[PDB]
């Protein structure tokens, strides 16, 4: 459950990139759809699911993603997965960029590279 330390870490990055960002409470045992972090800089709004892996690939439960997009759609933000590999930087992946396994999704060696920097996230639109 070290996930927290990385959520807190990313928040700084976002805040440094101009994003008013927050961590979602009651996230785990929740009465509703809830991602890890939510952010907005006045032009862009982000629903985010945060993940840290020693190494690829990263798998994302069918459900998990449904919940993120379900939320992202409702709130009016862009659903994103932030991935953290030890030596590398925070990488940002739109749910469009995810690959379907049998009953789930993934980001592997073939996808990680075409992920976004935090700076690309802010000024793309």
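Positions refer to the first chain, counted from 1.
Asker: In the PDB record, does 61-69 or 22-30 carry the higher mean Cα temperature factor?
Answerer: Comparing 61-69 with 22-30, the higher mean C-alpha B-factor belongs to 22-30.
Asker: Taking the mean of the C-alpha B-factors per stretch from the entry, tell me the winner out of 3-11 and 116-124.
Answerer: Result of the comparison: 116-124.
Asker: Could you say which of 76, 86, 40, 94 has its CA atom at the highest B factor, as listed in the PDB entry?
Answerer: Across 76, 86, 40, 94, the entry lists the biggest C-alpha B-factor for 86.
Asker: State the tercile, meaning the lowest, middle or highest third, of residue 36 with respect to the CA B-factors recorded for its chain.
Answerer: Ranked within chain, residue 36 CA B lands in the lowest tercile.
Asker: So where's residue 55 on the chain's Cα temperature factor ranking, which third?
Answerer: Within its chain, residue 55 is a highest-third residue by C-alpha B-factor, going by the deposited values.
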